[PDB]
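Heads up, the thing below is written out as structure tokens.
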Amino acid sequence: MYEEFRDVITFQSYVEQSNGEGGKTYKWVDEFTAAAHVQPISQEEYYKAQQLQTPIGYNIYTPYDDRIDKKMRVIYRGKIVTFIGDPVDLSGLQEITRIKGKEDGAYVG
């Protein structure tokens, strides 16, 4: 609902252990700090037709940073969200990275 943005926001991680046991106990760590824009999808982004569901998708652009959605828990403009994703670069000179991330779950949490 911000459209075009650049604020100083903090990217962090919530990971349910740094070994092959996803659950049991949970540990918090900090990733990086950047001038960035993390925004939620709202609906289908382009809209056109309609459709309804509860939003579990994020859209982000940061200049050359690929670390936002790729298993993280970030705080952008006071909002804490959890998501997994894949980064793509804009190309040419290599100035902008465009990332998509989404949330699902893991059994109980």
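All residue names refer to the structure tokens as shown: chains lettered A, B, ... in order, residues numbered from 1 in each chain, ligands numbered from 1 in order.
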
Q: Enumerate as a PyMOL selection string all residues of chain A assigned to strand (DSSP E or B) by DSSP on the backbone, naming them with the chain letters and numbers the document uses.
A: chain A and resi 7-15+27-40+57-63+72-76+79-89+96-102

Export C-alpha atoms of the chosen residues as a PDB file, in the first residue's frame?
```pdb
ATOM      1  CA  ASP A   7      13.104   3.377   4.299  1.00  0.00           C
ATOM      2  CA  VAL A   8      15.784   2.118   6.728  1.00  0.00           C
ATOM      3  CA  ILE A   9      14.489  -1.261   7.806  1.00  0.00           C
ATOM      4  CA  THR A  10      15.992  -4.315   9.593  1.00  0.00           C
ATOM      5  CA  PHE A  11      16.187  -7.822   8.085  1.00  0.00           C
ATOM      6  CA  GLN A  12      16.426 -10.675  10.692  1.00  0.00           C
ATOM      7  CA  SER A  13      16.074 -14.476  10.928  1.00  0.00           C
ATOM      8  CA  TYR A  14      13.837 -16.747  13.024  1.00  0.00           C
ATOM      9  CA  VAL A  15      15.025 -20.333  12.314  1.00  0.00           C
ATOM     10  CA  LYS A  27      16.736 -19.271  17.918  1.00  0.00           C
ATOM     11  CA  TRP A  28      16.731 -15.560  16.780  1.00  0.00           C
ATOM     12  CA  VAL A  29      19.663 -13.826  14.871  1.00  0.00           C
ATOM     13  CA  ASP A  30      20.048 -10.506  12.840  1.00  0.00           C
ATOM     14  CA  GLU A  31      20.921 -10.585   9.065  1.00  0.00           C
ATOM     15  CA  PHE A  32      21.553  -7.064   7.672  1.00  0.00           C
ATOM     16  CA  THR A  33      20.234  -3.474   7.637  1.00  0.00           C
ATOM     17  CA  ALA A  34      19.349  -1.812   4.339  1.00  0.00           C
ATOM     18  CA  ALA A  35      17.628   0.939   2.344  1.00  0.00           C
ATOM     19  CA  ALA A  36      14.890  -1.221   0.901  1.00  0.00           C
ATOM     20  CA  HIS A  37      11.221  -1.755   0.053  1.00  0.00           C
ATOM     21  CA  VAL A  38       9.406  -4.903   1.304  1.00  0.00           C
ATOM     22  CA  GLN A  39       5.625  -4.696   0.397  1.00  0.00           C
ATOM     23  CA  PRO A  40       2.785  -7.400   0.739  1.00  0.00           C
ATOM     24  CA  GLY A  57       2.777 -13.303  -0.456  1.00  0.00           C
ATOM     25  CA  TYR A  58       5.395 -10.548  -0.544  1.00  0.00           C
ATOM     26  CA  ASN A  59       6.947  -8.511  -3.307  1.00  0.00           C
ATOM     27  CA  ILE A  60      10.300  -6.698  -2.767  1.00  0.00           C
ATOM     28  CA  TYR A  61      12.907  -4.569  -4.598  1.00  0.00           C
ATOM     29  CA  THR A  62      16.248  -3.650  -2.824  1.00  0.00           C
ATOM     30  CA  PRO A  63      19.372  -2.259  -4.765  1.00  0.00           C
ATOM     31  CA  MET A  72      13.988 -14.972   6.909  1.00  0.00           C
ATOM     32  CA  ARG A  73      11.773 -13.058   9.384  1.00  0.00           C
ATOM     33  CA  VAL A  74      12.142  -9.312   8.625  1.00  0.00           C
ATOM     34  CA  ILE A  75      10.890  -6.033  10.110  1.00  0.00           C
ATOM     35  CA  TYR A  76       9.906  -3.469   7.391  1.00  0.00           C
ATOM     36  CA  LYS A  79       5.744  -4.955  10.586  1.00  0.00           C
ATOM     37  CA  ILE A  80       7.326  -8.407  11.425  1.00  0.00           C
ATOM     38  CA  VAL A  81       6.684 -11.108   8.745  1.00  0.00           C
ATOM     39  CA  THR A  82       7.971 -14.709   8.011  1.00  0.00           C
ATOM     40  CA  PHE A  83       8.578 -15.999   4.436  1.00  0.00           C
ATOM     41  CA  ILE A  84      10.676 -18.243   2.058  1.00  0.00           C
ATOM     42  CA  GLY A  85      11.521 -17.148  -1.570  1.00  0.00           C
ATOM     43  CA  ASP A  86      13.954 -16.788  -4.543  1.00  0.00           C
ATOM     44  CA  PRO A  87      15.893 -13.601  -5.774  1.00  0.00           C
ATOM     45  CA  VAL A  88      16.251 -12.443  -9.465  1.00  0.00           C
ATOM     46  CA  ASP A  89      18.442  -9.424 -10.610  1.00  0.00           C
ATOM     47  CA  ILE A  96      18.437  -3.648  -8.747  1.00  0.00           C
ATOM     48  CA  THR A  97      17.467  -7.066  -7.303  1.00  0.00           C
ATOM     49  CA  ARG A  98      13.783  -8.108  -7.518  1.00  0.00           C
ATOM     50  CA  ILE A  99      12.697 -10.751  -4.992  1.00  0.00           C
ATOM     51  CA  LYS A 100       9.431 -12.629  -4.366  1.00  0.00           C
ATOM     52  CA  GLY A 101       8.756 -14.513  -1.092  1.00  0.00           C
ATOM     53  CA  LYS A 102       5.788 -16.413   0.342  1.00  0.00           C
TER      54      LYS A 102
END
```
